[PDB]
Amino acid sequence: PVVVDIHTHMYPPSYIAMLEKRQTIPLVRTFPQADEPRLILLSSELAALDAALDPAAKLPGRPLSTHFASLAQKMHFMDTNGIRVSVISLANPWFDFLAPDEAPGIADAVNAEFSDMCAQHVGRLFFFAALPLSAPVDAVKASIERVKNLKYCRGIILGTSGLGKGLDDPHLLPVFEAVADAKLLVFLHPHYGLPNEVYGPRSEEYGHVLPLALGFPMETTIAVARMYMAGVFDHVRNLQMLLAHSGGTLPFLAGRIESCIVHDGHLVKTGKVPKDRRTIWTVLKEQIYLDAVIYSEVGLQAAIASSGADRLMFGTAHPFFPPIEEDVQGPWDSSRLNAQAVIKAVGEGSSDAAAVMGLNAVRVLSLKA
Amino acid sequence: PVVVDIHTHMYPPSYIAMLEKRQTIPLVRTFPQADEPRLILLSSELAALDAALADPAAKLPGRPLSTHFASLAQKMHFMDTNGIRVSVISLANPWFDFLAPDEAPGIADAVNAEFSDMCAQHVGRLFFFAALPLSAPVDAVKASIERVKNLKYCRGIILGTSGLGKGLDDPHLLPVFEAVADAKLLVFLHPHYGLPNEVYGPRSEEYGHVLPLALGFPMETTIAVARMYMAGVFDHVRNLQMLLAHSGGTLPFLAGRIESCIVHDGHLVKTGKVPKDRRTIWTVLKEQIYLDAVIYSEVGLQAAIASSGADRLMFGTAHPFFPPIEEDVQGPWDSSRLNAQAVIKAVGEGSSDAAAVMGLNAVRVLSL
Ligand SMILES: O=C(O)c1c[nH]c(=O)[nH]c1=O
Ligand SMILES: O=C(O)c1c[nH]c(=O)[nH]c1=O
Ligand SMILES: [Zn+2]
Ligand SMILES: [Zn+2]
């Protein structure tokens, strides 16, 4: 049985060294009272960083294990968790924070690193590239041309900020067109979350649960809905999009979105809701793929009902949710839960199981050579 | 056999009279080019309101205040023509949240008694959720709860996500939840405040009400409940029962992710906050949470049913917020019919589960 993981990240050592030299988010710090460094990515982690410098105050961020930067460690995880092929991607926030002039050069270097990592285990590793979206659109297009010509590259991973004004930014259209024409799957992934005040004044007490469990998928939903409302999928008809975490909440809210559209007085009266309009259901079946990183047959079944079994792809979200604090060199419960969600949704040994667990990814992303 | 609608709102004439006086949201305002007044409730509508006050050619702000918001005869007509036998009505958002602390108890108690009066006009076909003066001191809120407990036709409390002003995980709110639950009143949690409008980006004004209504509302509900859960409110007030607007917002879809994030949260686990015997969000969804079926899809409804059980799903319409555009409002409403069809597609017409979701659950749970 062929298992493929399309949701699995790394930070190359050069990228981590960069983060260690940074003053502002994202950054890496190393505290004396802990072994491995602290990865600090979110604005929700800022106060804990401030607080951690008594040493009895909790360590900020999350630990930067060897599973972030070691390729042997990625392969070990794959071998121990029964994964044949990984389509690896740079973790959030990618190159979003880089200065415009430096961004393309660093992106092309780091993208080439990922290609080289894939060459170490040919057949078992492909990758999503990231883009220098702080740079001019000219440079973004140039970087897109490069990753198209890098071996083992099968798509682009990107966040919700776009050029800095979201994914409904009309300046971003030529970027979507270039990627779509290059036959590169766009993997949309969260990072920026929601403004932290929505979590209220006790959010610190709940650890990372609210920003990660709610903020991330809600961010993804908002970004895709904006793309949809802006007509991006109509503009770029051959654009294909993989959505992280089974679309965030999109499968569950697709109906409410459709109802709110057709019952929007202003939009209907101003010709924004025409008779031949492609519904979000249609887009979900034609231009959107969903990963199966949803941790439940309940969510997964909604995702399957929305996009179809042939458009769902298994993922683990490695290395972000290691087991606490047991054998990290053993199987990961966070990976197992998603495999269990699939099995319970469609039945183990079913062709839908085989499709979701790897064959969809093999087919859609041409995972050969 | 009996169709019950538990998600259906009104503003009494006295409440609308308050809104017509107001400067800031919520408010009602008449513009010259429209027959119906304009109801402006949301933060996302403020830009359009300001533009319309300056520029007469700018688009009408908010939404039409139809007769279906205030008229009891229109509610009964809506019910008769959409095949609804019983409605558990409620004051619509933002309830009494906007009132000054000093004036809120008196107004809240007077309006709650008006709802009792309205229900008495059509015996057996109308019941209601009351609203609370949550801007007032907690002793005033508890006094209001004591009153609505004994109000004829009252079967629960509708409330928003703000609580006393710091959300539903506010320790100072626990006496309120305790009093409501001991009063055997069901809490109907409903959105209003949404998300900070900046999440919708610089083109937000081109998308109508879609993003705040379709995304903001359900996400707000999810965040508020998740905060209650993480704070241990459902254990601490173990007898508390909650009806969640719009099938829990997104909770059925995110319950698995929440559970995984909790058990894989380094800080929470190491600090002993995640014992193996903890009542999971699934357990709470199955024992303390009811979900309405206002989800507009069999996809969404099946997820809700799987999460809480068919015995804990209840039919609703969100009347009068999504009228047909702009055709016969006196006919059947699609926004009602869509949800009824979702139920049939999910559990099958003529089934016990269909009968349960469409009204028998509500009759049992709310003692109608
Ligand atoms: O859930 C995830 O995939 C992630 C969660 N948290 C992160 O910081 N990065 C991720 O990729
Ligand atoms: O969908 C709804 O239930 C509502 C939508 N918009 C509102 O302003 N009030 C509501 O109750
Ligand atoms: Zn991820
Ligand atoms: Zn409502």
Side-chain angles (χ1 to χ4, degrees), chain A residues 5-11 25-26 39-42 44-45 61-62 64 68 89-94 157 159 187-193 208-209 211-217 219-220 244-246 248 256 259-260 263-264 291 293-295 315-322 334-335 338, chain B residues 5-11 25-26 39-45 62-63 65 69 89-95 129 158 160 188-194 209-210 212-214 216-218 220-221 243-247 249 257 260-261 264-265 292 294-296 316-322 335 339:
Chain A
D5 182 0
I6 47 58
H7 193 145
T8 173
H9 311 293
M10 298 187 75
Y11 292 122
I25 261 63
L39 179 63
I40 302 174
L41 298 180
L42 319 180
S44 62
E45 297 163 329
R62 289 166 292 173
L64 185 82
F68 281 89
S89 57
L90 183 61
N92 47 301
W94 313 282
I157 179 159
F187 181 25
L188 179 56
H189 192 284
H191 165 76
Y192 298 93
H208 284 71
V209 173
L212 293 183
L214 308 182
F216 269 27
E219 176 193 358
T220 302
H245 316 127
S246 305
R256 186 179 184 76
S259 183
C260 286
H263 292 103
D264 194 287
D291 77 18
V293 187
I294 195 57
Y295 305 100
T316 64
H318 186 261
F320 277 98
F321 302 90
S334 64
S335 170
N338 293 313
Chain B
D5 180 0
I6 47 58
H7 195 149
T8 173
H9 310 295
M10 294 188 72
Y11 297 122
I25 64 176
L39 176 60
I40 310 98
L41 301 170
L42 313 177
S43 299
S44 57
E45 301 173 322
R63 290 166 289 184
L65 182 74
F69 284 89
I89 61 169
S90 58
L91 186 62
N93 49 307
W95 312 283
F129 300 106
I158 182 158
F188 180 25
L189 181 58
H190 193 282
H192 167 74
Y193 298 96
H209 287 70
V210 172
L213 295 185
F217 269 27
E220 177 197 350
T221 304
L243 177 60
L244 300 184
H246 316 123
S247 303
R257 180 176 191 81
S260 186
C261 284
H264 292 102
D265 193 279
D292 76 25
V294 185
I295 194 62
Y296 305 100
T317 63
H319 188 258
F321 278 98
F322 301 100
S335 57
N339 294 314

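All values below were derived from every heavy atom in this structure, side-chain atoms included, with hydrogens, water molecules and symmetry-related copies excluded. Both ligands and their constituent atoms are indexed starting at 1 by order of listing. Numbers restart at 1 for each chain; the letters A, B, ... are given by sequence-line order, proteins then strands.
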Exercise for the section: Take B:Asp292 and B:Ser247 through the side chain to side chain contact (heavy atoms under 4.5 Å, CB included) test and state the conclusion after the steps. Expected result: CA-CA 5 Å; B:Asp292 76 25; B:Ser247 303; 3.8 Å; yes

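Rounding to the nearest 0.5 Å places CG of A:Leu214 at 11.5 Å from CZ of A:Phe216.
Here B:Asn339 pairs with nothing under the side-chain hydrogen bond (donor to acceptor under 3.5 Å, both in side chains) rule; sequence neighbours left out. Here A:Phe68 pairs with A:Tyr11, A:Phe320 under the ring-ring contact (aromatic ring centres under 6.0 Å, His included) rule; sequence neighbours left out.
Between A:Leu41 and A:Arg62, the closest side-chain pair of non-hydrogen atoms falls below 4.5 Å.
When each of B:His192, B:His190, B:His9 is checked for a side chain to side chain donor-acceptor pair (under 3.5 Å) with B:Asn93, only B:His192 meets the rule.
Ring pair B:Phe129/B:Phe188 is tilted by interplanar angle, where 30° to 60° counts as tilted.
Enumerated by chain and number, the residues approaching ligand 1 to less than 4.0 Å through a heavy atom are A:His7, A:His9, A:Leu41, A:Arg62, A:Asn92, A:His189, A:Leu212, A:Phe216, A:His245, A:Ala317, A:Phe320, A:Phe321, B:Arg257.
Around the Zn ion (ligand 4), protein atoms of type N, O or S found under 2.8 Å number 3.
When all heavy atoms are compared, the tightest approach of A:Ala213 to B:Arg257 is O-CD, 3.4 Å.
There is a side-chain donor-acceptor pair under 3.5 Å between A:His208 and A:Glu45.
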